[PDB]
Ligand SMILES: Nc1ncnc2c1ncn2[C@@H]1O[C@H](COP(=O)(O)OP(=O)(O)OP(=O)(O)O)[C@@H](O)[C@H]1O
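Presented below, as C-alpha cells, is a lone chain in the form solved without this ligand.
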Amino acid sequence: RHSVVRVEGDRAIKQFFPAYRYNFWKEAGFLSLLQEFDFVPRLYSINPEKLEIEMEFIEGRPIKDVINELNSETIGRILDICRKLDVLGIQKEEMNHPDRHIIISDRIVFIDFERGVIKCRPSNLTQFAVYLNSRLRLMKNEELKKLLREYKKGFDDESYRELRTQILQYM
C-alpha cells in the first residue's frame, strides 16, 4: 500500500507513493544504518524526487514458504538477527508477521524497514517469537509469555542466551 518494488537485474527499486515520503526516509535511514551488517540488502542510491530506493535484489525464499522445514541452526540465526536489532535500538515493527520480510537462501536477509522506529528496548525478538511459536507450536502462550517477560526484564546477553536455548530445545 505504501510502495511498489520492481526488479531490474540484480537490483530492486522500491518506489513509495507520494503520500508516503515519511516512510521513504525511514526505509533509507534504517537501511543506511544497517549497511555494516550482512542481514539487510545493500543500498545503492536514493532519489527523494521520485521517492525511489535502489537496493540489492535478494534471492531466496520468503520465510512463509519454508518455516516448517527450517532446522534449529537456521532458526537460531534468525533469533540472532532479531536480538542484534534489539541491541542496536531499532524496532523494525511487524516482526510477528515476518512472512514476506525474511528471505532465506544460504544466508538470512531482513527486508522492509519503512516502519522502523528507534526504541530503548525494541520488540523484534519477542514479536518474532510469537510468530515462531504460532507456526511451530513449540509451547503454549503461558510458557512463551513467561519466557518473553524474563528476557525483557534483563535484556542483556545472558537473558538472550537463556531465551535462545529455551526456544531451540523445543524443536
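In case it trips you up, residue 1 is the first one in the sequence shown, and so on.
The following text describes the form deposited with this ligand bound, which does not appear among the structures shown.
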(request) Tell me, yes or no, whether residue 84 is in contact with this ligand in the deposited complex, where a contact means a heavy atom of each within 4.5 Å. (result) no
(request) With heavy atoms only and a cut-off of 4.5 Å, decide whether residue 56 touches this ligand in the deposited complex. (result) yes
(message) Quick check on residue 115: any heavy atom within 4.5 Å of this ligand in the deposited complex?
(response) yes
(message) I'd like to check something about residue 2: if you look in the deposited complex, is any of its heavy atoms closer than or equal to 4.5 Å to a heavy atom of this ligand?
(response) yes
(request) Heavy atom within 4.5 Å of this ligand in the deposited complex: which of 111, 67, 34, 129 fits that? Just give me the one. (result) 111
(request) Would you mind picking the one in 28, 51, 103, 144 that has a heavy atom within 4.5 Å of this ligand in the deposited complex? (result) 103
(message) If contact means a heavy atom within 4.5 Å, which one of 56 to 64, 131 to 139, 118 to 126, 43 to 51 is the stretch that engages this ligand in the deposited complex?
(response) 56 to 64
(request) Output the sequence-ordered list of residues from 8 to 35 with at least one heavy atom within 4.5 Å of this ligand in the deposited complex. (result) 12, 14
